[PDB]
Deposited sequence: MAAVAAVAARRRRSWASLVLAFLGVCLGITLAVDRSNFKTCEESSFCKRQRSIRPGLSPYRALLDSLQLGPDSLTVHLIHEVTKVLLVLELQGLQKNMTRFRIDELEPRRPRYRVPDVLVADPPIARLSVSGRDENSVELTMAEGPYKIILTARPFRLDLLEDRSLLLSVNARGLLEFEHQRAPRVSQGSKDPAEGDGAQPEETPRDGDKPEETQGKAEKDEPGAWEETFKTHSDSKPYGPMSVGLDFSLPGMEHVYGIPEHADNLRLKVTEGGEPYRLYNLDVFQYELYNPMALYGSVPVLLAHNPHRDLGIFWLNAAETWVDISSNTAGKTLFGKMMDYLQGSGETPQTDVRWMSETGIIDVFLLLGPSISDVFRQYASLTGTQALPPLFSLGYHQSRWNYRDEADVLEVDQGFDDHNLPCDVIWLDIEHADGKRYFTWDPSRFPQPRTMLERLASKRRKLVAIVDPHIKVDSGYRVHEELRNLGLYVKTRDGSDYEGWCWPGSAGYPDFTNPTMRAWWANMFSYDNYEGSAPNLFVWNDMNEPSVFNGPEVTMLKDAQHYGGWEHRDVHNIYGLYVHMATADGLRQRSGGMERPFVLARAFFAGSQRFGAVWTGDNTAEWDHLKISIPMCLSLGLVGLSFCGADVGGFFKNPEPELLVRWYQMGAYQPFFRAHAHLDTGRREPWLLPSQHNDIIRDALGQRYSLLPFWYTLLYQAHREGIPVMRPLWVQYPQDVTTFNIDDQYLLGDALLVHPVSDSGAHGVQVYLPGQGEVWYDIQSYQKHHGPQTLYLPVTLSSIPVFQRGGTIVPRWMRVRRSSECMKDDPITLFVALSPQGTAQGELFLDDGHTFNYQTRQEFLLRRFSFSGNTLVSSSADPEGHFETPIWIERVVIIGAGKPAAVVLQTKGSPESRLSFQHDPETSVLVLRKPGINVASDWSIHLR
């Protein structure tokens, strides 16, 4: 990467000003005479003892162990930006009541629970408590900074009109940066603020640049740096074996997060946020557990939108296809080599000279009869629709985006026309709700010509990525909808593009069919619109190792549909690295292979025979586990717990799993340690849990945790383990795609706990329609194993789905010889089931239950 192209903290004028303030007595002190306890919120006025300009602090309890507080200014002068469309709803309120009052402090219990907020007055310092235990202190070190609207002057350099490299930023409002620090006692481990190419556990930025949250088109980004990548979610989860909190800093501007920790008595982690503008909007998630803060945050921003089933499969992308012929041959090469492929993905060259919403009459002469033979083989197609619109008299999009003023406008008031690849490209105001309504209308089957129901849309470079812009983005003085500057609305722009495209793909069917959209840039609450992937990464072994932490960190903030580019994007991989990337990618939520112009063709069937059947096995494993993926994506859709989750999420008290980013958990069942080394002869897998058994998914060999086992590996081995006490559904009949697989018999792999118990869930739906919600045509089944009985019940009684899926096989791992296996059902005679028991692996295969998944049944191991 070219580091002399993006701003460090010293080159960002506000960051070098906020960071200049150092821990000391806070000049901001609360005046407990304007302390006004309304029915919803407490309002107090803080004064700056030197500046003598008073801000307004609004404290608010929330009904889910939660506290939102907003620091704005009493007399605004110019209203500051408050981020919309991120919260899925107005949070419910848990009222505050004075538990006690002092000449310097006020303690406020939240509703009637164990939480009390202690607000001191000299200096201002919020102190959240649970009964008598400190949880986190706000402004404990005296780093509350709120730069008010200065009088028009254009002192310190950069506080006004500035130039980064050659691009002017004439700030008409001067310094409006905000900042605040939170001290978390007892926490040494902090996670979140995703899209940083670093480890999952954030590092202390005491002698280096802080973590930047700025949607940037970083070309060929490196790793293990705090540089801002394509996305930004300002959520920070703290972890302890006893208590786990979270800090949600709602600000759509450029944000820097400084992580600090004491050396030294009780451990403590201090997290400092500095935003360029807006107000200080902080949600505090008081746990007390990992599952609780995920549910709280999902109640704030929203849950991961349930994807269609085909998007859970394999997507193949080259750097575009030269014509319809190349798409037809790639489909035929997936069919001929019996590889399971779901979606074929088209890049920018498919557009009419980088002009989206249309196809070239010579490059793709018959666009809608290409999807017809893609739907005959039951596969999907994904195009590219990026925000920037080319300038033409013949471009209907540009002739309507300029007639109806919906473009972003520069400082003087003319339309932004940054030179992107589509010629001179005008960037539209995706902040404008009336433009997102125009954007959504143009994905219809009449507007988008050559469009079919199997045609979906991927919005690349929605940061926005302006080629002739400061860094690689739009100028910060660009005027957006509502009079807001682009400086206020940067990180929300990608979320707005994603939302508009998702509602465009939703409403073409009429709202019936689920929309799959993939975005590079995003914000908090972008889990509700589609998938996000970790930008353009090089094809090296280090970028494959870091694939897991960037998806684990993304899953922590609700974006559980994460993935990286299989085979990289730059510096075309060796065959071994391409093989190992297809094995990891099969166990990430998003599984897409993408290529570049500089790279050759990396299709799976132009590889060595040993390197092609291994990949074919890797795709078969993912498609077989697709029922597990669909169930896991439903859990993320309901309770917000990530699909790809770390090891300390399920084992909070294990102080060994805190710094683990090479293994992950696909829910509570599967532990995955994909191999990322050149010629690795073995992996070192940490199997956690006191009194837990883990079965090798291939060899069915049980290991007792907590331990660190050396698993020797070959090129054919993906180290996946099943936790003893889980039931994993599978489709063992792998077809060409997931379109007839959705009606194929289910097999249940039952791994027994040391107490002989097991539990699992299975979610079923038509896989492509919003019918599981409006008419409740879904089916959530709970499979339990206790004693010697495997019972199937409904985990949601209102889910009534009529499916042809039956149970064709039951695999009980860790069982014994039954000598009799019976199946009981709805009054029908107890039909005895045949069984084969392998004694070396201790695996009992119950043959052909032959029973529909909808009906309840009980297998008795008599």
| item | value |
| --- | --- |
| Chain regions without C-alpha coordinates, deposited sequence numbering | 1-32, 187-220, 330-345 |
